[PDB]
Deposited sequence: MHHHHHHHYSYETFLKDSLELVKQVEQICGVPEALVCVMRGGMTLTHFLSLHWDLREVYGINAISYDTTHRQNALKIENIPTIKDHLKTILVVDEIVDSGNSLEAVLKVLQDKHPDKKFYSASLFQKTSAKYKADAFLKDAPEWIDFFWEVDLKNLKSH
């Protein structure tokens, strides 16, 4: 069927620097992050430490219900929503919808490492077109290590 793409820790570090650069071009350094769990956790960890951001919020998604919706402090105006891949785009669109409804005065930008060209909804910042089959080091490294 489809060929097997893999995203390593070293590629993640290189791309994260480029992601930082592109986010700063579009909205400056964010004042807070919303991590889409689980996919965005490692990325948002690295980004929040790089930008010295202590305001890091989480949000979950499942025909979609968005769960654990954060309540962002009033003085935070520029928020970056972070996920690792946008496939159909349905989850990210729903996440941004509930976040902006709840906080109409704030500006939410979205960033993803990978982005399907066919997605109905695209992140404001993304680095790479998503192939049909790609796995990530946070998914596969532990078990190959356990297998050895």
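- If you line the structure up with the deposited chain, the stretches without a C-alpha atom are 1 to 2, 65 to 73.
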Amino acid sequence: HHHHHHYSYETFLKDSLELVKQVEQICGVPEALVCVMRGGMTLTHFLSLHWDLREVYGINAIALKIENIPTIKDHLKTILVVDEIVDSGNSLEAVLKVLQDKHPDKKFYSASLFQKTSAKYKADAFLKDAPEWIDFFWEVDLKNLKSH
From here on, numbers count along this sequence of modelled residues.
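- The question of which stretch, 2 to 10 or 138 to 146, has the higher mean Cα B factor is settled in favour of 138 to 146.
- Stretches compared: 86 to 94, 111 to 119. Higher mean C-alpha B-factor in the entry: 86 to 94.
- Within the selection 50, 38, 54, 65, the deposited Cα B-factor values reach their highest point at 65.
- Sort the chain's modelled residues by C-alpha temperature factor and residue 26 lands in the highest third, per the entry.
- The entry lists a Cα temperature factor for residue 15 that places it in the lowest third of the chain's modelled residues.
- The deposited CA B-factor of residue 59 belongs to the lowest third of values across its chain.
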